[PDB]
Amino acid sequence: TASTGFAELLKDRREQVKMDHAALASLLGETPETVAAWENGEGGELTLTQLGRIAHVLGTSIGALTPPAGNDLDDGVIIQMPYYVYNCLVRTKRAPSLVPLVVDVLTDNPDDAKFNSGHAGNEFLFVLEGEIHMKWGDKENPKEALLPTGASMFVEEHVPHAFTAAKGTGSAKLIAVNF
């Protein structure tokens, strides 16, 4: 469907900027038959660089000329049967930014907490097991919190944060839902 989606979106955009096959073809150094072919679903072998040139001439992005991620749901639902190890939970092309994980935190030395520099999106966390020592903000003088099982947290986009199990408690587990 990449080729098919591109074929449809290419035609819509070309029409939108009032170009006929010949007009777009000239700008790209192609023949109008070649542009007609792309709109007939034959664009599959176009390279990333060529797509960039086409988007440029059409004053838009490759993204605007390609289809959305797709649908992997079953009547609207998708299920997943069951120092840091990441256990990936269910994801879906219908909500690409959703990345939920069960994180096993195996280090219990807060001095050795390493900061993720911040995310582009928000994050919700729940302490599944053990006790977590969370740190955030400025790596040099961070905000901190000892979080027992059952505690929950929200971390806003771009806020640096790190986690370790509470000093000498061995290990802990968190569910992290980035969205």
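Quick note: we count residues from 1 along the sequence shown, nothing fancier. Definition used throughout: the rigid core is the maximal C-alpha set that superposes within 1.5 Å between two forms.
A.B. asks: After fitting on the rigid core, pick out whichever of 49-57 or 109-117 shows the bigger RMS C-alpha deviation in 8 other deposited structures of this protein.
C.D. replies: Result of the core-fitted comparison in 8 other deposited structures of this protein: 109-117 deviates more.
A.B. asks: Between residue 82 and residue 83, determine how many residues of the deposited chain lack coordinates; answer none if the chain runs continuously, otherwise 1 to 3, 4 to 9, or 10 or more.
C.D. replies: Missing residues, residue 82 to residue 83: 10 or more.
A.B. asks: Please compare 114-122 with 146-154 and say which has the higher mean C-alpha temperature factor in the record.
C.D. replies: Comparing averages over the C-alpha atoms only gives 114-122.
A.B. asks: Quick one: say whether 136-144 or 54-62 has the higher mean Cα B-factor in the deposited entry.
C.D. replies: It is 136-144 that shows the higher mean C-alpha B-factor.
A.B. asks: For the chain shown, is the CA B-factor of residue 36 in the lowest, middle or highest third of its modelled residues?
C.D. replies: Middle third of the chain for residue 36's C-alpha B-factor.
A.B. asks: Looking at the C-alpha B-factor of residue 2, is it in the lowest, middle or highest third of its chain?
C.D. replies: CA B-factor rank for residue 2: highest third.
A.B. asks: Please place residue 88 in the lowest, middle or highest third of its chain according to the CA B-factor in the PDB entry.
C.D. replies: Middle third of the chain for residue 88's C-alpha B-factor.
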